[PDB]
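Colleague: Here come the first chain(s), positioned as in the complex:
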Amino acid sequence: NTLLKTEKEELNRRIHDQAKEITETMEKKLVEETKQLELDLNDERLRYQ
C-alpha cells in the first residue's frame, strides 16, 4: 500500500510535466508557423530588387 502512493506522487508529477512540455510544443508550433510565412515573403522580397 505504500509504493502505489509513491507511484501516485510519481505519475502526478509527470502528467503535469507532459502538460507543460506539450504546452511548450504548442507554443513553439505557432512560432514555426509564423516563421514559415516570414521566410516566404523575404525570398520574394530580394527577387524584385
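Modeller: Perfect, I can see it now. Residues are numbered from 1 along each chain as shown, chains lettered A, B, ... in the order given.
Colleague: burial count for residue A:47?
Modeller: 7 (other CB atoms under 10 Å). Using the backbone N, CA and C atoms, a C-beta is placed for each residue, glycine as well.
Colleague: Tell me how far it lies from residue A:40.
Modeller: Distance of residue A:47 to residue A:40, given as CB to CB, to the nearest Å: 12 Å.
Colleague: Work out for me the element the spatially most central residue of chain A sits within.
Modeller: The residue lying closest to the centre of chain A (CA atoms, centre = their mean) is residue A:25, at 0.9 Å. Applying DSSP states H and E as the criterion places residue A:25 in helix A:3-47.
Colleague: Put this one in as chain B:
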Amino acid sequence: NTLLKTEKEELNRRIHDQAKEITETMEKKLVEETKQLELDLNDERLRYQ
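Modeller: Putting chain B together with the chains above:
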C-alpha cells in the same frame, strides 16, 4: 495487487510518450537554431542591393 500492475502499464507508456516527445522537441529545437541564422543573413543581403 491488480491495479498497480495496470498502473505499471500506464507509467511505461507515459515515460515512452515523454521520451518520444523529448526527441521530437529536440528535433524541432535544432531547426530553431538553423532558421535563426536563415532570417539573419538575408537582412544583410537585401540591405546591400
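Colleague: In light of the added chain B, please revisit the neighbour count of residue A:47.
Modeller: Number of residues near residue A:47 (other CB atoms under 10 Å in any protein chain shown) recorded here: 8.
Colleague: Same check on residue A:26?
Modeller: Neighbours around residue A:26, by other CB under 10 Å: 10.
Colleague: Can you pull the residues of chain A lying near chain B?
Modeller: Within chain A, the positions near chain B by CB under 8 Å from any CB of the partner chain are A:3-4, A:7, A:10-11, A:14-15, A:17-18, A:21-22, A:24-25, A:28, A:32, A:35, A:38-39, A:42-43, A:45-46, A:49.
Colleague: if we can go back for a sec, quick one: contacts for the closest residue in space to the residue nearest to the centre of chain A that isn't next to it in sequence?
Modeller: Distances taken as CB to CB, 6 or more residues apart in numbering or on different chains put residue B:25 closest to residue A:25, at 5.9 Å, once the chain neighbours are dropped. Applying CB atoms under 8 Å, 6 or more residues apart in numbering or on different chains to residue B:25 gives the contacts A:21, A:24-25, A:28.
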